């Protein structure tokens, strides 16, 4: 096994300020937090800074078909930035930072293994990204009620808090760099 590695918004800000490629991975928790506006604003900021930004939308992210699409469309995110896993997956090794926002099941690498109640679900290869910051409030499990080894990987850092509040602070700290 490995360890949970809490990180401060200021450290997340530094990681993001210098990245060439960022992929945003929204899940149910973004929706619960109604963090879609703060998320789009962070993606605007990085883009203005020259960062290459994309959204990875899992087929069953959230709790309804197209959950992420509707929230992101409301925020005003361009459709061209939204990718599905068939198109985004192979691109992951080149992602400098993958930012998970209230996603859990749809990024759980245990889905590749038969015993898991998540088995037979295709997964987003966030685990193959150079760096992973995961935003969630704490220890909450996902729909399937399983632990997620991704949070314990070497390249994974936890940025704890409410998704709207965390993103707001991240933006604020980024405008100060």
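Numbering follows the first chain given and starts at 1.
Undergrad: Quick check: 100-108 versus 87-95, which has the larger average CA B-factor in the record?
TA: Taking the mean C-alpha B-factor of 87-95 and of 100-108, the larger value falls to 87-95.
Undergrad: Which is higher on mean Cα B factor in this entry, 36-44 or 63-71?
TA: Going by the record's values, the stretch with the higher mean is 36-44.
Undergrad: Say you rank 121, 57, 135, 31 by Cα B-factor from the PDB entry; which sits at the top?
TA: By C-alpha B-factor in the record, 121 ranks first.
Undergrad: Which third of the chain holds residue 142 when residues are ordered by C-alpha B factor: lowest, middle or highest?
TA: Within its chain, residue 142 is a middle-third residue by C-alpha B-factor, going by the deposited values.
Undergrad: For residue 153, does the deposited CA B-factor place it in the lowest, middle or highest third of the chain?
TA: For residue 153, whose C-alpha B-factor we compare with every modelled residue in the chain, the answer is the highest third.
Undergrad: Taking the chain's C-alpha temperature factors as the reference, tell me which third residue 17 falls into: lowest, middle or highest.
TA: Middle third.
Undergrad: Taking the C-alpha B-factors as the PDB entry records them, is residue 9 in the lowest, middle or highest third of its chain?
TA: Tercile = highest for this residue's CA B-factor.
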